[PDB]
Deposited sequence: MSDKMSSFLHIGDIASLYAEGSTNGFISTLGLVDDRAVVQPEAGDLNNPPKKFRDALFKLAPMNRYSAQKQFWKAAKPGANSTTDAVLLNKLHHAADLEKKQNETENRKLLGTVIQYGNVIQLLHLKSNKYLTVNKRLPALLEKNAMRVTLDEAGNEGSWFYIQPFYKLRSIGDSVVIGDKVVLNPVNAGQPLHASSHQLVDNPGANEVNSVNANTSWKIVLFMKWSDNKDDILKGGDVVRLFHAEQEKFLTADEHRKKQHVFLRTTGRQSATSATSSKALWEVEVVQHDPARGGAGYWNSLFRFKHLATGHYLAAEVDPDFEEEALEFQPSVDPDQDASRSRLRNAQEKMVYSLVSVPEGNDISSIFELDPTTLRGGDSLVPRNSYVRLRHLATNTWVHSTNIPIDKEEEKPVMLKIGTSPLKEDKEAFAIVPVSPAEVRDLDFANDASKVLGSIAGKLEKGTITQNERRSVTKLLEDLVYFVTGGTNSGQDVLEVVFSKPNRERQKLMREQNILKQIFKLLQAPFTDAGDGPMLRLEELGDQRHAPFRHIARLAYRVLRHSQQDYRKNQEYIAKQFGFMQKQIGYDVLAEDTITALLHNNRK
């Protein structure tokens, strides 16, 4: 089993500091390792943040020129040169999908969640470790994104194919100090340890999530974020807190691809013997659905049985089989946008809609119970949600945490310098985010509590804050009516 350009994998630091490289979100650009967060047998709950796609060595020559030049006609020439170079990479790298990576090849590491390249900077010192260079996530990447993939043990050599599970050294082409998992811990995030660049003996185990072969856009696969649309009820399956506990329900309305809240998003896991695996869903596959907003798992438990939200995904009671509504003469793969019914594997029962509200005393109930039946004699659409759409949500959520944190420390008193810069850039990024502006992102401003946090912070940053608020309500009346009601 070999490593392929296009494979999605997690990298597991071994040695003195054991753990998977993950990140601290979408706003913060540091790479960390959380030793107590999860190991090979028991990967971290937030595992989607651990996945990297193996990519080829991008061309940065034309882009380096433009960045460096940041006449006027000169900019056009250089920008067109850079555009053509970014297109070259998309084209050439595509022809490299599914080729075997050989030891000594130069590779890049695209962090899936944030869509950024892990990148060393020769010219910048690590934030924490004494004599080490700095390692960040960069959207476009650059020459600092190039790693030689080298064998940690004499068991394999330069020129050899890289085997899945091999422990490798990831050595920058220019800084030339291997990637390193430090014993240095972050103060702001006690769980995490700094990943930096220095002469050390860190080894990284390539742990295959998904083969390039399975990462097709027209099939349902491990990691896919989906909405579950009950066909005849015309309602999305959502989870949310009511009366200080979590509930699974169908949301009343008054819609098959209508917009909804994040509380209706689900990440599909396809059960695998290996707990770090996922992969393409087949009809004869077993599935789990992790609620994206809370990390809770969909399940069925006695009340006969009703759909509920368990806090963890290691039990049998959270496993569902998918049952097709038609039959084809092709292969066993589940297509995207499939209409399915759900069979709860532990109880041999079928997911069923009801008319029993959860909010009893609450006039105008929007929470309908979903149960299961032993009897055979409906379907759900597995509505796919795009990675961009999920990133958007993750960014909004992280931006929400920062302003929350900083409003707390702002209420205590003085604001630190390396902290005041953090809060200001975010607002410039938020302006750039919310942009004739974008409707679906204006919603995220409100829904994910960016706006509520801006107002919190108010008690320069101020000018920038209002600029967000203004763009957040441009041609949007519901946001206008919200902003005023404070």
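A.B. asks: Checking coverage: what stretches of the deposited chain sequence are missing C-alpha positions?
C.D. replies: Several regions go unmodelled: 1-6, 77-84, 269-270, 320-351, 426-427, 486-500, 525-550, 578-604.
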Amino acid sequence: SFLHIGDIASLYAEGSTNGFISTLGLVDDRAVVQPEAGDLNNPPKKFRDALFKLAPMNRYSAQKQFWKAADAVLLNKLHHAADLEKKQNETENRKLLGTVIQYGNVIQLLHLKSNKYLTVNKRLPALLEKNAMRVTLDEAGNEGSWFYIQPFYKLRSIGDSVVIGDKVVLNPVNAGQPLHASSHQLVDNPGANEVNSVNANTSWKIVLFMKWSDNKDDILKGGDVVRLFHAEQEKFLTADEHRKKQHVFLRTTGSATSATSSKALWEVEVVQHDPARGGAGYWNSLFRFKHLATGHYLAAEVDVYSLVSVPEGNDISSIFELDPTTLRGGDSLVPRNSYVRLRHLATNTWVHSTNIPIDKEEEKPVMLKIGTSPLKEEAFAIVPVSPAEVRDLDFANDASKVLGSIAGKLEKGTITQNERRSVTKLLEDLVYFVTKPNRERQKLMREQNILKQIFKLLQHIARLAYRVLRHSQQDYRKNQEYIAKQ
From here on, numbers count along this sequence of modelled residues.
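A.B. asks: With reference to the PDB entry, specify whether the mean Cα temperature factor is higher for 414-422 or for 42-50.
C.D. replies: Higher mean C-alpha B-factor: 414-422.
A.B. asks: Looking only at CA atoms, which has the higher mean B factor in the entry: 354-362 or 265-273?
C.D. replies: The entry gives the higher C-alpha B-factor average to 354-362.
A.B. asks: Which has the highest CA B-factor per the PDB entry: 474, 17, 10, 23?
C.D. replies: Result of the comparison over 474, 17, 10, 23: 474.
A.B. asks: Highest Cα B-factor in the deposition, which of 205, 336, 290, 80?
C.D. replies: So the option with the highest C-alpha B-factor is 80.
A.B. asks: Please rank the C-alpha B-factors of the chain's modelled residues and tell me whether residue 156 sits in the lowest, middle or highest third.
C.D. replies: Middle third, going by the recorded CA B-factors of the chain.
A.B. asks: Grab the CA temperature factor for residue 64 from the record and place it in the lowest, middle or highest third of its chain.
C.D. replies: It belongs to the middle third of the chain when residues are ordered by C-alpha B-factor.
A.B. asks: Name the third of the chain's ranked CA B-factors that contains residue 98, choosing lowest, middle or highest.
C.D. replies: CA B-factor rank for residue 98: lowest third.
A.B. asks: Where does residue 438 sit by CA temperature factor within its chain: lowest, middle or highest third?
C.D. replies: Its C-alpha B-factor, which the entry lists for residue 438, ranks in the highest third among residues of this chain.
A.B. asks: What third of the chain does residue 27 rank in for C-alpha temperature factor, lowest, middle or highest?
C.D. replies: As the PDB entry reports it, the C-alpha B-factor of residue 27 lands in the middle third of its chain.
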